[PDB]
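Just so it is clear, none of the values below were taken in a lab; they were calculated from the coordinates. Cβ sites come from the backbone with ideal geometry, for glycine too, and all protein chains shown count toward neighbours.
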Amino acid sequence: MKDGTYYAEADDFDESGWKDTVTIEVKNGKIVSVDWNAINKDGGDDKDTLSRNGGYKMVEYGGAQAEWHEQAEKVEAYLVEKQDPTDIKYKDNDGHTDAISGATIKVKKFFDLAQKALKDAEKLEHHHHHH
């Protein structure tokens, strides 16, 4: 783990047309930050670009939350305390975890893509400034 930024994206787009991604900010050798980010199909750009621009497209406006929204703020703080993208226990048929408490959306996508983020540990994406 050489201090940089590791992200991994969902292989396909989900129900709202977002590829949920997990962006790991490693700094001082270890994880300091983590960002919730996602690529939209019809938009063409990432959560980073669509948030900055204001062109937030969703392919499903009347459906479930297949996105890391502001409830993912509960999930990210839980990653920072662990320093561990693979350590987690879910008890559901999807990926509900009671170990966080506050995030009632399935956290399975977050820890899935966090393992894929640090798979090379030499990956370098758009470096964020999360605190």
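Name the longest site-free stretch of the chain, where the excluded sites are trypsin sites (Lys or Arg not before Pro) in a DSSP loop with no more than 14 other beta-carbon atoms within 10 Å.
Here the longest segment lacking exposed loop sites spans 3-88.
In nanometres, what is the gap between the two model label sites at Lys91 and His129, each 7 Å from Cα along Cα-to-Cβ?
4.2 nm
Exactly which GluC sites (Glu not before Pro) in region 48-131 are in a DSSP loop and have at most 10 other Cβ atoms within 10 Å?
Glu70, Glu122
Placing +1 at every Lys and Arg Cβ and -1 at every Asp and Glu Cβ, with all other atoms neutral, what dipole size does the chain have around its Cα centre, in debye to the nearest 20?
Once rounded to the nearest 20, the dipole reads 280 debye.
Ratio of alpha-carbon Rg to the 2.2 N^0.38 Å globular estimate for region 1-44, to two decimals, please.
Ratio of Rg to 2.2 N^0.38 Å for region 1-44: 1.35.
HN-Hα J couplings of region 87-99 from phi, Karplus 6.51/-1.76/1.60, θ = phi - 60°, integer Hz, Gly and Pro as x?
With coefficients 6.51, -1.76 and 1.60, one gets 8, 5, 10, 10, 10, 7, 9, 10, x, 8, 10, 9, 6 Hz.
Just to check, using Stokes-Einstein with a Kirkwood Rh over alpha carbon pairs, what's the diffusion coefficient of the chain at 20 °C and 1.002 mPa s in µm²/s?
Taking Rh from Cα pairs, D becomes 143 µm²/s.
I'd like the Karplus ³J(HN,Hα) series for region 46-51: coefficients 6.51, -1.76, 1.60, θ = phi - 60°, whole numbers in Hz, and an x wherever there's a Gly or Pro.
8, 4, 4, 5, 5, 5
Can you list the HN-Hα couplings for region 15-25, worked out from phi with the Karplus curve (6.51, -1.76, 1.60; θ = phi - 60°), rounded to whole Hz and with x for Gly and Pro?
So the Karplus estimates, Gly and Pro as x, are 5, 8, x, 10, 7, 5, 10, 10, 9, 9, 9 Hz.
Would you kindly state the longest site-free stretch of the chain, with sites defined as chymotrypsin sites (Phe, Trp or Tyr not before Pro) in a DSSP loop (not H, G, I, E, B) surrounded by at most 16 other Cβ atoms within 10 Å?
That gives 1-55 as the longest site-free run.
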